[PDB]
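Quick setup: one chain, the form deposited in one PDB entry, written in structure tokens, and binding and motion questions come after.
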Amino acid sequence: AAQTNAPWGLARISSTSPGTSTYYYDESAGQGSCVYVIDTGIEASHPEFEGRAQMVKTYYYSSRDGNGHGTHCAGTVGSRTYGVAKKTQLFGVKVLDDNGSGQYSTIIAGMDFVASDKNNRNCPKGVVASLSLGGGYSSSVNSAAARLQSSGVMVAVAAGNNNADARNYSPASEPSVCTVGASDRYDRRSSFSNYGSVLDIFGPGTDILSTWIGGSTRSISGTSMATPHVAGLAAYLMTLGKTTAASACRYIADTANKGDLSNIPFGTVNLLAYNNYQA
């Protein structure tokens, strides 16, 4: 399938070169997979989600996304226009308040929730969790992410936005999950992207158009935007049968575009997520 006039990041993940604007992908499109978006919520009524999104858990007075961040990230995973995996099922877990803030204890509870809740969902092709959040190093936060991964969920986490080594942030620094840095449309490391040995992969993160609350759209930047590209890619590849939740991060690294990003510090991987789709 070909989506013309796609957001640059979608075109990038199906291309061997920057500077194109059509997204190419197998029509299976993540059907039969599920992606949990652990964030500020999801505006599931947005027409872009086509009934495929739902809130399953909140720790606050509402499950609605009063911020926009979680809706944007969910749109990059799986919205019809802005999403990588256009037929996946999206499940929202609201661990962040409407200002985008949340306590680590709530975030940990949300991760353990997903590890169990997947057993209440129909995801025959596999389960992914996208975590566009983080803070300072916490062994307990890292352990929660490791448990979620161990339970059979492909965990993708944002590297962070400090232009610093991600070893000092969680869950970014957990070795067993997929830690995602951000790139721009010219294949440069995004100016804010964290780096370091703990990164596994880069995805599009600067000037990313996606869904927003109020049935709207907007372009924003962050490792939060790169992470759902990778989460959606994992769901797409799992539906194709090319990999599994346990192996998807490594498979994405194996099959990435290699050596194409600029301003990658010595010792950080130079790997850009790529779907290797041939029409």
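Don't overthink the numbering: it's just position in the shown sequence, from 1.
Relative to one another, 155-163 and 98-106 have unequal mean CA B-factors, and 98-106 is the one with the higher figure. When the C-alpha B-factors of 245, 231, 237, 34 are ranked from the entry, the top spot goes to 245. When the Cα B-factors of 91, 202, 82, 192 are read from the PDB record, 192 comes out highest. In this PDB entry, residue 224 carries a Cα temperature factor that places it within the middle third of its chain's modelled residues. Ranked by C-alpha B-factor against the other modelled residues of its chain, residue 23 falls in the lowest third. Ranked within its chain, residue 13 lands in the lowest third, by CA B factor from the PDB record. Placement of the Cα temperature factor of residue 52 within the chain: lowest third of the modelled residues, per the deposited record. Residue 4: CA B factor lies in the middle third for its chain, per the PDB record.
Form solved in complex with a partner chain: not shown, discussed below.
Distance criterion of 4.5 Å from any heavy atom to the partner chain in the deposited bound form singles out 133 from the list 153, 133, 93, 90. Contact with the partner chain in the deposited bound form, judged by any heavy atom within 4.5 Å, is made by just one of 77, 148, 158, 128: 158. The chain is drawn here without the partner chain; in the deposited bound form, the stretch among 65-73, 50-58, 230-238, 26-34 whose residues come within 4.5 Å of it by any heavy atom is 65-73. The closest non-hydrogen atom of residue 248 lies beyond 4.5 Å of the partner chain in the deposited bound form.
The closest heavy atom approach of residue 200 to the partner chain in the deposited bound form falls outside 4.5 Å. Mapping the unseen interface onto this chain, residue 253 falls outside it, with no heavy atom inside 4.5 Å of the partner chain in the deposited bound form. Looking at residue 110, you'd find every heavy atom of it more than 4.5 angstroms from the partner chain in the deposited bound form.
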